[PDB]
Amino acid sequence: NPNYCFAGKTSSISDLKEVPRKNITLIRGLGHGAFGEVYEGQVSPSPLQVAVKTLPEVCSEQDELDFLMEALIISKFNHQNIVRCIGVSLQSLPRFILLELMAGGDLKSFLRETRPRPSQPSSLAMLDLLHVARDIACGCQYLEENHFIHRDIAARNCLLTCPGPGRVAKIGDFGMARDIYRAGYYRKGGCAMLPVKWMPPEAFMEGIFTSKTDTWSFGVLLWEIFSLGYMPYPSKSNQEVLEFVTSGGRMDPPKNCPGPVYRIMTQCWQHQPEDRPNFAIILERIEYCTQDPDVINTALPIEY
Ligand SMILES: COc1cc2c(cc1Nc1nc(Nc3ccccc3S(=O)(=O)C(C)C)c3[nH]ccc3n1)N(C(=O)CN(C)C)CC2
């Protein structure tokens, strides 16, 4: 019924992998998503581990279509830094989308919870943060080279495979892009729900979105990462941020942030989109920071 076009191919509900409901076991609730609970689940000795997004049985026609489009979007991506879709279960109620379980949880919570402290002093280092930044930039580069504008790149929408060393960060939420795809604008949301603090001036002023949109948001994600999970523009409201950013105002470096890292942020935040780097360049600059001993030997602040 609705068609979804990505990378010049059109897919429909008929292309999603319908997984038999009998093969799905819910284990525990993990919390609420934008519209519905999310569960840890299993798909069948050595079952696949999945996050299960559910559609409330009490919902509208548009919610049903929002849910379908979310499934179509994530099912057509193919990249190691974008959460995989195992399949769907749309023919039983409540309807399920089955995603690669990201056992480390969302990246914002991880940064807040794993901040170095007196009890666990070496929980994180500068290299961990650079690897997370690289991981997400690789996924953003994949979106950019396939002409997909994410529109909501932010730590809350990224997830980690596992809490400990070896973790890989991935883009896990596409709800903003889904809302725009269906109606062409933020019909579902409102001004108070827009991710103002992640958006460049031409986005919230003219509603113009390009891949240079995501470059700006990635700069803010970089600030979130190197601040260890602080809210951007600490004391400022959405409208204060809007006016601050349009006047040329930019965030200060996070505490202890190395200069070369801060300079990636400020390049992402150039007023003119043409002056911002693409994700190939961002990746080069992240890779160069990872090679620099003065960067990776910088100690993160310990939270008392
Ligand atoms: C053992 O596993 C987990 C254990 C925990 C989390 C996550 C996963 N694992 C996971 N969660 C996903 N979402 C998700 C999960 C819960 C609530 C909302 C969403 S959510 O709306 O999608 C959002 C990410 C935009 C996932 N989505 C795709 C894969 C995947 N894996 N927790 C958080 O993340 C806490 N945060 C939300 C504040 C809580 C502890």
# chains A, B, ... in the order shown; residues from 1 in each chain; ligands from 1
$ closest_atom_pairs --of "chain A" --to "ligand 1" --cutoff "10 Å" --atoms "only C-alpha atoms and all ligand atoms" --output "JSON lines"
{"residue": "A:27", "atom": "CA", "partner": "ligand 1", "partner_atom_place_in_ligand_line": "1 (C)", "distance": 9.9}
{"residue": "A:28", "atom": "CA", "partner": "ligand 1", "partner_atom_place_in_ligand_line": "1 (C)", "distance": 8.8}
{"residue": "A:29", "atom": "CA", "partner": "ligand 1", "partner_atom_place_in_ligand_line": "16 (C)", "distance": 7.8}
{"residue": "A:30", "atom": "CA", "partner": "ligand 1", "partner_atom_place_in_ligand_line": "16 (C)", "distance": 4.5}
{"residue": "A:31", "atom": "CA", "partner": "ligand 1", "partner_atom_place_in_ligand_line": "17 (C)", "distance": 4.1}
{"residue": "A:32", "atom": "CA", "partner": "ligand 1", "partner_atom_place_in_ligand_line": "17 (C)", "distance": 4.8}
{"residue": "A:33", "atom": "CA", "partner": "ligand 1", "partner_atom_place_in_ligand_line": "21 (O)", "distance": 3.4}
{"residue": "A:34", "atom": "CA", "partner": "ligand 1", "partner_atom_place_in_ligand_line": "21 (O)", "distance": 5.7}
{"residue": "A:35", "atom": "CA", "partner": "ligand 1", "partner_atom_place_in_ligand_line": "21 (O)", "distance": 8.1}
{"residue": "A:36", "atom": "CA", "partner": "ligand 1", "partner_atom_place_in_ligand_line": "21 (O)", "distance": 8.3}
{"residue": "A:37", "atom": "CA", "partner": "ligand 1", "partner_atom_place_in_ligand_line": "17 (C)", "distance": 7.1}
{"residue": "A:38", "atom": "CA", "partner": "ligand 1", "partner_atom_place_in_ligand_line": "16 (C)", "distance": 5.3}
{"residue": "A:39", "atom": "CA", "partner": "ligand 1", "partner_atom_place_in_ligand_line": "15 (C)", "distance": 7.1}
{"residue": "A:40", "atom": "CA", "partner": "ligand 1", "partner_atom_place_in_ligand_line": "2 (O)", "distance": 6.1}
{"residue": "A:41", "atom": "CA", "partner": "ligand 1", "partner_atom_place_in_ligand_line": "1 (C)", "distance": 9.2}
{"residue": "A:49", "atom": "CA", "partner": "ligand 1", "partner_atom_place_in_ligand_line": "1 (C)", "distance": 9.2}
{"residue": "A:50", "atom": "CA", "partner": "ligand 1", "partner_atom_place_in_ligand_line": "29 (C)", "distance": 7.3}
{"residue": "A:51", "atom": "CA", "partner": "ligand 1", "partner_atom_place_in_ligand_line": "30 (C)", "distance": 5.0}
{"residue": "A:52", "atom": "CA", "partner": "ligand 1", "partner_atom_place_in_ligand_line": "27 (N)", "distance": 7.8}
{"residue": "A:53", "atom": "CA", "partner": "ligand 1", "partner_atom_place_in_ligand_line": "22 (O)", "distance": 7.3}
{"residue": "A:74", "atom": "CA", "partner": "ligand 1", "partner_atom_place_in_ligand_line": "28 (C)", "distance": 9.9}
{"residue": "A:82", "atom": "CA", "partner": "ligand 1", "partner_atom_place_in_ligand_line": "28 (C)", "distance": 9.3}
{"residue": "A:83", "atom": "CA", "partner": "ligand 1", "partner_atom_place_in_ligand_line": "28 (C)", "distance": 6.2}
{"residue": "A:84", "atom": "CA", "partner": "ligand 1", "partner_atom_place_in_ligand_line": "29 (C)", "distance": 8.1}
{"residue": "A:85", "atom": "CA", "partner": "ligand 1", "partner_atom_place_in_ligand_line": "28 (C)", "distance": 8.5}
{"residue": "A:97", "atom": "CA", "partner": "ligand 1", "partner_atom_place_in_ligand_line": "28 (C)", "distance": 9.5}
{"residue": "A:98", "atom": "CA", "partner": "ligand 1", "partner_atom_place_in_ligand_line": "28 (C)", "distance": 8.2}
{"residue": "A:99", "atom": "CA", "partner": "ligand 1", "partner_atom_place_in_ligand_line": "29 (C)", "distance": 5.3}
{"residue": "A:100", "atom": "CA", "partner": "ligand 1", "partner_atom_place_in_ligand_line": "29 (C)", "distance": 5.3}
{"residue": "A:101", "atom": "CA", "partner": "ligand 1", "partner_atom_place_in_ligand_line": "31 (N)", "distance": 4.4}
{"residue": "A:102", "atom": "CA", "partner": "ligand 1", "partner_atom_place_in_ligand_line": "31 (N)", "distance": 3.8}
{"residue": "A:103", "atom": "CA", "partner": "ligand 1", "partner_atom_place_in_ligand_line": "2 (O)", "distance": 3.8}
{"residue": "A:104", "atom": "CA", "partner": "ligand 1", "partner_atom_place_in_ligand_line": "3 (C)", "distance": 6.1}
{"residue": "A:105", "atom": "CA", "partner": "ligand 1", "partner_atom_place_in_ligand_line": "7 (C)", "distance": 3.6}
{"residue": "A:106", "atom": "CA", "partner": "ligand 1", "partner_atom_place_in_ligand_line": "34 (O)", "distance": 3.9}
{"residue": "A:107", "atom": "CA", "partner": "ligand 1", "partner_atom_place_in_ligand_line": "34 (O)", "distance": 7.6}
{"residue": "A:108", "atom": "CA", "partner": "ligand 1", "partner_atom_place_in_ligand_line": "38 (C)", "distance": 7.6}
{"residue": "A:109", "atom": "CA", "partner": "ligand 1", "partner_atom_place_in_ligand_line": "38 (C)", "distance": 5.9}
{"residue": "A:110", "atom": "CA", "partner": "ligand 1", "partner_atom_place_in_ligand_line": "34 (O)", "distance": 8.4}
{"residue": "A:154", "atom": "CA", "partner": "ligand 1", "partner_atom_place_in_ligand_line": "25 (C)", "distance": 9.8}
{"residue": "A:155", "atom": "CA", "partner": "ligand 1", "partner_atom_place_in_ligand_line": "24 (C)", "distance": 9.1}
{"residue": "A:156", "atom": "CA", "partner": "ligand 1", "partner_atom_place_in_ligand_line": "25 (C)", "distance": 6.0}
{"residue": "A:157", "atom": "CA", "partner": "ligand 1", "partner_atom_place_in_ligand_line": "25 (C)", "distance": 4.7}
{"residue": "A:158", "atom": "CA", "partner": "ligand 1", "partner_atom_place_in_ligand_line": "24 (C)", "distance": 6.6}
{"residue": "A:159", "atom": "CA", "partner": "ligand 1", "partner_atom_place_in_ligand_line": "24 (C)", "distance": 6.4}
{"residue": "A:160", "atom": "CA", "partner": "ligand 1", "partner_atom_place_in_ligand_line": "31 (N)", "distance": 7.9}
{"residue": "A:161", "atom": "CA", "partner": "ligand 1", "partner_atom_place_in_ligand_line": "31 (N)", "distance": 8.0}
{"residue": "A:162", "atom": "CA", "partner": "ligand 1", "partner_atom_place_in_ligand_line": "1 (C)", "distance": 8.4}
{"residue": "A:163", "atom": "CA", "partner": "ligand 1", "partner_atom_place_in_ligand_line": "1 (C)", "distance": 9.7}
{"residue": "A:170", "atom": "CA", "partner": "ligand 1", "partner_atom_place_in_ligand_line": "29 (C)", "distance": 9.0}
{"residue": "A:171", "atom": "CA", "partner": "ligand 1", "partner_atom_place_in_ligand_line": "28 (C)", "distance": 8.5}
{"residue": "A:172", "atom": "CA", "partner": "ligand 1", "partner_atom_place_in_ligand_line": "28 (C)", "distance": 5.1}
{"residue": "A:173", "atom": "CA", "partner": "ligand 1", "partner_atom_place_in_ligand_line": "25 (C)", "distance": 5.0}
{"residue": "A:174", "atom": "CA", "partner": "ligand 1", "partner_atom_place_in_ligand_line": "25 (C)", "distance": 8.3}
{"residue": "A:175", "atom": "CA", "partner": "ligand 1", "partner_atom_place_in_ligand_line": "25 (C)", "distance": 8.4}
$ residues_around --residues "residue 225 of chain A" --least-positions-apart "4" --cutoff "8 Å" --atoms "only C-alpha atoms" --output "ChimeraX atom specification"
/A:108,111,129,133,155,221,229
$ residues_around --residues "residue 122 of chain A" --least-positions-apart "6" --cutoff "10 Å" --atoms "only C-alpha atoms" --output "list in words"
residues 114, 115, 116, 299, 300 and 302 of chain A
$ write_last_selection --atoms "N, CA, C and O atoms" --output "PDB file, in the first residue's frame"
ATOM      1  N   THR A 114      28.265   6.190  32.648  1.00  0.00           N
ATOM      2  CA  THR A 114      29.627   5.687  32.623  1.00  0.00           C
ATOM      3  C   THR A 114      30.712   6.745  32.787  1.00  0.00           C
ATOM      4  O   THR A 114      31.869   6.506  32.492  1.00  0.00           O
ATOM      5  N   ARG A 115      30.325   7.918  33.264  1.00  0.00           N
ATOM      6  CA  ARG A 115      31.263   8.998  33.499  1.00  0.00           C
ATOM      7  C   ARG A 115      32.271   8.561  34.531  1.00  0.00           C
ATOM      8  O   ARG A 115      31.917   7.938  35.514  1.00  0.00           O
ATOM      9  N   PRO A 116      33.535   8.936  34.343  1.00  0.00           N
ATOM     10  CA  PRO A 116      34.521   8.565  35.346  1.00  0.00           C
ATOM     11  C   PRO A 116      34.169   9.218  36.665  1.00  0.00           C
ATOM     12  O   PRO A 116      33.763  10.362  36.728  1.00  0.00           O
ATOM     13  N   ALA A 299      43.154  13.564  29.916  1.00  0.00           N
ATOM     14  CA  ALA A 299      42.276  12.911  30.880  1.00  0.00           C
ATOM     15  C   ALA A 299      40.896  13.562  30.886  1.00  0.00           C
ATOM     16  O   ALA A 299      40.760  14.786  30.811  1.00  0.00           O
ATOM     17  N   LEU A 300      39.867  12.729  30.953  1.00  0.00           N
ATOM     18  CA  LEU A 300      38.517  13.231  31.116  1.00  0.00           C
ATOM     19  C   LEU A 300      38.314  13.690  32.554  1.00  0.00           C
ATOM     20  O   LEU A 300      38.943  13.157  33.473  1.00  0.00           O
ATOM     21  N   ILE A 302      36.871  13.869  36.212  1.00  0.00           N
ATOM     22  CA  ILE A 302      36.262  12.919  37.131  1.00  0.00           C
ATOM     23  C   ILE A 302      35.120  13.627  37.839  1.00  0.00           C
ATOM     24  O   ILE A 302      35.292  14.737  38.358  1.00  0.00           O
TER      25      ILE A 302
END
$ closest_residue --among "A:199, A:208, A:93, A:73" --to "residue 241 of chain A" --atoms "only C-alpha atoms"
A:199
$ residues_around --residues "residue 242 of chain A" --least-positions-apart "5" --cutoff "9 Å" --atoms "only C-alpha atoms" --output "ChimeraX atom specification"
/A:196-197,199,201,204,237,247
$ write_last_selection --atoms "C-alpha atoms" --output "short mmCIF file (atom, residue, chain, number, x, y, z; two decimals), in the first residue's frame"
data_model
loop_
_atom_site.label_atom_id
_atom_site.label_comp_id
_atom_site.auth_asym_id
_atom_site.auth_seq_id
_atom_site.Cartn_x
_atom_site.Cartn_y
_atom_site.Cartn_z
CA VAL A 196 15.89 22.96 18.14
CA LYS A 197 19.20 22.53 19.94
CA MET A 199 19.34 22.24 14.15
CA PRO A 201 19.77 28.17 11.16
CA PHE A 204 14.54 26.13 11.67
CA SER A 237 15.71 27.18 26.40
CA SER A 247 23.18 35.62 16.15
#
$ select_by_dssp --residues "segment 93-267 of chain A" --states "strand (DSSP E or B)" --output "number ranges by chain"
A: 96-100, 105-106, 158-160, 169-171
$ residues_around --residues "residue 212 of chain A" --least-positions-apart "6" --cutoff "8 Å" --atoms "only C-alpha atoms" --output "ChimeraX atom specification"
/A:273-274,276-278
$ write_last_selection --atoms "C-alpha atoms" --output "PDB file, in the first residue's frame"
ATOM      1  CA  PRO A 273      26.072  25.118   4.841  1.00  0.00           C
ATOM      2  CA  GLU A 274      28.708  25.205   2.071  1.00  0.00           C
ATOM      3  CA  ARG A 276      30.541  22.899   6.770  1.00  0.00           C
ATOM      4  CA  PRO A 277      32.481  19.699   6.064  1.00  0.00           C
ATOM      5  CA  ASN A 278      30.888  16.630   4.588  1.00  0.00           C
TER       6      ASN A 278
END
$ residues_around --residues "residue 227 of chain A" --least-positions-apart "2" --cutoff "8 Å" --atoms "only C-alpha atoms" --output "list in words"
residues 223, 224, 225, 229, 230, 254, 255 and 257 of chain A
$ atom_distance --atom1 "atom CA of residue 45 of chain A" --atom2 "atom CA of residue 14 of chain A"
29.4 Å
$ residues_around --residues "residue 19 of chain A" --least-positions-apart "2" --cutoff "7 Å" --atoms "only C-alpha atoms" --output "list in words"
residues 17, 21, 87, 88 and 89 of chain A
$ write_last_selection --atoms "N, CA, C and O atoms" --output "compact mmCIF listing (two decimals), in the first residue's frame"
# COMPACT_ATOMS: atom_id res chain seq x y z
N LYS A 17 10.22 -8.53 6.11
CA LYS A 17 10.31 -9.93 6.53
C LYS A 17 9.33 -10.15 7.67
O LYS A 17 9.59 -9.75 8.81
N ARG A 21 4.70 -14.99 14.66
CA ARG A 21 4.56 -14.52 16.04
C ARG A 21 4.93 -15.60 17.04
O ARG A 21 5.45 -15.30 18.12
N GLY A 87 13.24 -8.17 11.30
CA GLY A 87 11.98 -8.42 10.63
C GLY A 87 10.88 -7.65 11.32
O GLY A 87 11.14 -6.71 12.07
N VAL A 88 9.65 -8.05 11.04
CA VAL A 88 8.48 -7.42 11.61
C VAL A 88 7.51 -8.53 12.00
O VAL A 88 7.65 -9.68 11.59
N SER A 89 6.52 -8.16 12.79
CA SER A 89 5.38 -9.04 13.06
C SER A 89 4.15 -8.14 13.00
O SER A 89 3.63 -7.68 14.02
$ atom_distance --atom1 "atom CA of residue 217 of chain A" --atom2 "atom CA of residue 282 of chain A"
12.5 Å
$ select_by_dssp --residues "segment 82-151 of chain A" --states "helix (DSSP H, G or I)" --output "PyMOL selection string"
chain A and resi 107-113+126-145
